[PDB]
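In: whatever this is, show me its structure:
(chains A and B, ligands or ions: 4)
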Amino acid sequence: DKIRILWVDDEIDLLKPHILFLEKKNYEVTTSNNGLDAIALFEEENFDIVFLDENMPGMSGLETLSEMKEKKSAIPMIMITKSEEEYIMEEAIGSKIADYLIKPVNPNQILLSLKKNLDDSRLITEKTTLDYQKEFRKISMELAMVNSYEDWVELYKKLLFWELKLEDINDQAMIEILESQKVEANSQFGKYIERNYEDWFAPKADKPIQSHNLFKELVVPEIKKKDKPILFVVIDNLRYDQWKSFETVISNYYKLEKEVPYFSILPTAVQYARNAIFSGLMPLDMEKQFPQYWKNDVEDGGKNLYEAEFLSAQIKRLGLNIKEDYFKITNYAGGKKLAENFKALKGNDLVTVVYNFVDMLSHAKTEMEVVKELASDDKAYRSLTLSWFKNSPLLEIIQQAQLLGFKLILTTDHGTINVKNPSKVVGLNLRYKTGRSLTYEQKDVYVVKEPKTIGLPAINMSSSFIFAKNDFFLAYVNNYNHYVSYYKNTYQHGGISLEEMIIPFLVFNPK
Amino acid sequence: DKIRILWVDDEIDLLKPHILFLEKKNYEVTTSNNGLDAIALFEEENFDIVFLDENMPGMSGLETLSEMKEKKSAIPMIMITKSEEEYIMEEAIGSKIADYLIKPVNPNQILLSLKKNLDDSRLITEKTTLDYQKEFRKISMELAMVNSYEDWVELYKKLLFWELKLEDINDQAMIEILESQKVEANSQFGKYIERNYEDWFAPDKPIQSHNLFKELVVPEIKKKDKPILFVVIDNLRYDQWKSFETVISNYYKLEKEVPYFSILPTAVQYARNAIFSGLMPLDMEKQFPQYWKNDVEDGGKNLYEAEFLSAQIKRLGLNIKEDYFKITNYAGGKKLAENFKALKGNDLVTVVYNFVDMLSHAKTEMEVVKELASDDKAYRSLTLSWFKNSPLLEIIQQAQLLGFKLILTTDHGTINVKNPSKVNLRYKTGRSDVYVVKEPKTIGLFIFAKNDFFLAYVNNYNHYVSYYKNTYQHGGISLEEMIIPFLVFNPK
Ligand SMILES: [Ca+2]
Ligand SMILES: [Ca+2]
Ligand SMILES: [Ca+2]
Ligand SMILES: [Ca+2]
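Out: Numbering: from 1, shown residues only, chains lettered A, B, ... in the order given. Ligands and ions are numbered 1, 2, ... in the order given. Structure data below:
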């Protein structure tokens, strides 16, 4: 099959050089001098692409385009004209032109547009497949060399890059290679954390930015600037990948000023991590200073019901007299309400919004076959997340903030991992446990006998902490088989994994 | 805000004309003579677009691109160079370049590329809105003119066209006009059906559920040229199809598309069974009491489709090797993907995929699905996500390799019910806004909700309204439900 081109121009007899060029390139060009002939050609015959002049005696190119797009919206249409008017350019771009070439045109420029608009998807597939084949060995090498949290952040960035690049690939072999590297990554990372996590709490020992540090170190800078109002959003349970899946969407509204990967504290759970962000204190300290607000695992009810109170305290503790408000979105109506009334929040210097949909979506796979099919693999989960955010009430809140000229700070508390392998436990989050009579496979988990060392509560001195590594889910020995069937291939958090601990901090200035 | 350009070229002084031109158009341009310095500027500051020469002393533009894209993948990158080599063009397009301008370049070509890659969304919003503003009155007029089923089929195509076009627009006025026309459409359509559905069963009627297999499918098999994959997606609206038609194109070329009218009530029990049997519910009950089930009966109503289908093949006097599969879950669909290989020698493969129906009513209950499918746009977006990553696509991807012709259809669609009707929420079977059929015999079988109505029992009216308001329901008369797609595709 040769590519069939329909070229419409009043002076088409003058462009025969170009036609002869495309001819040798095995491109078949049918010509027309009027739009009406072209529509007739377009309706009768099945073309792959269409070239149109704008200034044509009779129907204009744009008029002809509109008619044709009504009939066959899939066919790419390129404009080749002498018109240099900015306004004509804009009308055609808005008419969803595939390219606009100003005459006189280099024949190879038309070839560029033909390749770009007809073979791009294949070229990307080909390039991606080849470029990875020349990188995966190097990826393996780098992973075995990793020795720092900064090196872990860089390698995660690389892994994420290739993950989303290989979702436009067909070669399963390369995908299995990448999955293998991601597995080895978590394996090595968990050992790294198992070896370094405690020492990070030694005074002055070089530690990354963590949950309890986030506000004072990263947000408080932005507020001191006193240049703009700030919307500080916390999307619960957002994996780095998921952010990357909707980064282009956010771009349509917000320019990224700053991105800092930061490490969630253990356990990587809402109860501990999020409260830490809002308090600027570690869970243990929150237990000490705010027993009225803190809630241990044993305690019933919500565990993050007093985030606003912790936060207001931190702002007061940091001696900032500012206007601040706090919203915790837990459902559609709540988010839609806040979106339609965000206007009222103009006066505030700071607006903090907590959003919980993705955590809810993540856990839904455990309970819904619908979400099972919609989030079969990470790619699917990314695609599902993108569908959400593109139609999310949160985006309406973000769009509203942009209109009000608010600076946007997007962050999370932790991520989630698709657990695949069961680990037996006797004595929750299925990735972390605390208690006295704890039985565990120690090769499978990171044990902290003295929790107060890692800034965690300890009901008793006996009490300790266990954190599942890699893709392990802690399964109680009672009803082991049932635990395994129900939680296998489900998103669980609270443990140590790249997906869970390394999460994004993002600052955006309004466009 | 001025747009910041990062332009890298070895001969960046030879490009002073261009830079001056851009600058006058309020474009801020930062220049560099080498990729390495450019990479540094790319990281240190936040630019909006980057221009790159290929042939450069030092790192090539493509090398500089790769390094930059790893550091900030969002930023659009344009290549401006003399290289005419097909391979360099190909590498840039494989490298996800936004545009590639061959030197010497017209300064306006650069400007077009700047606008095209940075302001297109806004321009398209403006153009789309204005195009509709000047077309909606014509659309209303055609709607006031429609008086045939072919007329209805065409206006539906028009409405669907504008639906997908205006989904991203901001002008609420125009959005509400489209909704008005959509409402009026089903209103007038329901009257059309109410006034012609009965007569259609008297010896000009459209293709319907009881006629689909013999009138459309049977011919395509008589050709005896290729093996056939006959997929029935339960509860698939035309808009949903349109949302993933791009994806299907990457694998299957559309040979034929025929809108047909689902039989009333638009429910799998009655409609999908007819598709496989070629009989109306009344006749289905008479000929196969062994296989038919009424509303009063217990259990699944479409376990006998394979038997009905085999029967229809026999009743049509054809003998071919046939199989029937009903996918109802992820495992089931992912299973059939690998084993689809084996069944190639068998002539026809029928796959029933019921995931879409499941998704529709999930919104009725789960807050997750409520956010994922709050509006039609979101529902279409959700369908596109699904299909792109579905075992069904793998089934289709298998068939093309096996050189199967694909026939894709549904049994009915679903509509966002919003208004309650005091008394499945779109059809009922005993006497208690609506299409009344005193004799089920005449229509080969009742009440029929029209116009986004949900039938609510009077005993628990309030609760039915609160729970089933703004939920996808099927079984009644609406364009969204009755006018459904029949597609035949030859493998690519
Ligand atoms: Ca002309
Ligand atoms: Ca959770
Ligand atoms: Ca050069
Ligand atoms: Ca249903």
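In: which residues does residue A:468 bridge with?
Out: Residue A:468 forms beta bridges with residue A:445, as assigned by DSSP bridges.
In: that one reaches residue A:442, doesn't it?
Out: No: here residue A:468 does not reach residue A:442: they are 11.6 Å apart, not a contact under CB atoms under 8 Å. Backbone N, C-alpha and C define where each C-beta goes, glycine included.
In: ok, those two, which is more surrounded?
Out: Ranked by neighbour count (other CB atoms under 10 Å in any protein chain shown), residue A:468 and residue A:442 place residue A:468 first, with 32 against 8.
In: buried residues of stretch A:415-424, list them for me.
Out: Residues of stretch A:415-424 classed as buried by neighbour count (16 or more other CB atoms under 10 Å in any protein chain shown): A:415-419, A:422-423.
In: now it - C-alpha only, CSV.
Out: Output of stretch A:415-424 as CSV, limited to C-alpha atoms (Å, rounded to 0.1, in the frame of the first residue of the first chain):
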residue,chain,number,x,y,z
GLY,A,415,2.7,5.6,47.8
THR,A,416,1.5,1.9,47.4
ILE,A,417,3.0,-1.3,45.9
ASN,A,418,1.3,-4.2,44.2
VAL,A,419,2.1,-6.9,46.8
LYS,A,420,2.7,-10.4,45.3
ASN,A,421,4.4,-12.6,47.8
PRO,A,422,3.0,-13.7,51.3
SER,A,423,5.0,-13.6,54.5
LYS,A,424,3.6,-15.4,57.7
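In: any part of that stretch near chain B?
Out: No: counting by CB under 8 Å from any CB of the partner chain, chain B has no neighbours in stretch A:415-424; the shortest distance is 14.0 Å.
In: that stretch: how far from the chain's middle?
Out: Computed by CA atoms, centre = their mean, to the nearest Å, the chain-centroid distance of stretch A:415-424 equals 21 Å.
In: kindly report the residues of the stretch 51-200 of chain A close to chain B.
Out: Residues of the stretch 51-200 of chain A found near chain B (CB under 8 Å from any CB) are A:66, A:70, A:73-74, A:84, A:86, A:89-91, A:93-97, A:99-102, A:106, A:108-109, A:111-112, A:115-116, A:119-121, A:123-124, A:126-128, A:157-158, A:161.
In: quick one, which of the residues you listed are buried?
Out: A:66, A:89-91, A:93-97, A:99-102, A:106, A:108-109, A:111-112, A:115-116, A:123-124, A:127-128, A:158.
In: bridged to residue A:324, which residues?
Out: With DSSP bridges as the criterion, residue A:324 is bridged to residue A:350.
In: in the stretch 301-450 of chain A, which residue sits nearest ligand 1?
Out: residue A:390 (40.0 Å; CB to the ion).
In: which one is that residue nearest to, not counting chain neighbours?
Out: residue A:249 (5.7 Å; CB to CB, 6 or more residues apart in numbering or on different chains).
In: do stretch A:205-223 and chain B meet at all?
Out: No: contact of stretch A:205-223 with chain B (CB under 8 Å from any CB) is absent, the minimum separation being 15.6 Å.
In: surely residue A:23 is in a helix?
Out: Yes: under DSSP: H, G, I helix; E, B strand; the rest coil, residue A:23 sits within a helix.
In: how about the residues of chain A by ligand 1?
Out: Residues of chain A lying near ligand 1 by CB under 5 Å from the ion: A:10, A:53, A:55.
In: which residues touch the residue nearest the centre of chain A?
Out: For chain A, the residue nearest the mean C-alpha position is residue A:243 (1.6 Å; CA atoms, centre = their mean). By CB atoms under 8 Å, 6 or more residues apart in numbering or on different chains, the contact list for residue A:243 reads A:410, A:504, A:506.
In: over to it: give its phi and psi.
Out: Note on residue A:243: its backbone torsions stand at phi -50, psi -50 [degrees, to the nearest 10].
In: can you give me the helices for the stretch 101-250 of chain A?
Out: Taking DSSP state H, counting those that start in this stretch, the helices of the stretch 101-250 of chain A run over residues A:107-118, A:120-133, A:136-145, A:149-165, A:172-196, A:214, A:220-224, A:240-251.
In: any idea which of these is most buried?
Out: helix A:214 (a mean of 26; mean count of other CB atoms under 10 Å in any protein chain shown).
In: tell me which residues are up against it.
Out: Applying CB under 8 Å, 6+ apart, the external contacts of helix A:214 come out as A:262, A:276-277, A:411, A:505.
In: the same query, at a cut-off of 7 Å, please.
Out: For helix A:214, contacts defined as CB atoms under 7 Å, 6 or more residues apart in numbering or on different chains pick out A:262, A:277, A:411, A:505.
In: equivalent analysis for stretch A:71-83, please.
Out: With CB under 7 Å, 6+ apart as the test, stretch A:71-83 has contacts from A:42-43, A:47, A:49-55, A:61, A:65, A:68, A:92, A:97-103, A:105, A:113, A:117, B:249.
In: filter the residues of chain A next to ligand 1 to the buried ones?
Out: Buried subset of these (neighbour count, 16+ other CB under 10 Å): residue A:53.
In: if I read this right, the residue nearest to residue A:390 contacts residue A:391, doesn't it?
Out: No: between residue A:249 and residue A:391 there is no contact under CB atoms under 7 Å: 10.3 Å.
In: anything in stretch A:382-389 near chain B?
Out: Yes: using CB under 7 Å from any CB of the partner chain, stretch A:382-389 reaches chain B at A:383-384, A:387-388.
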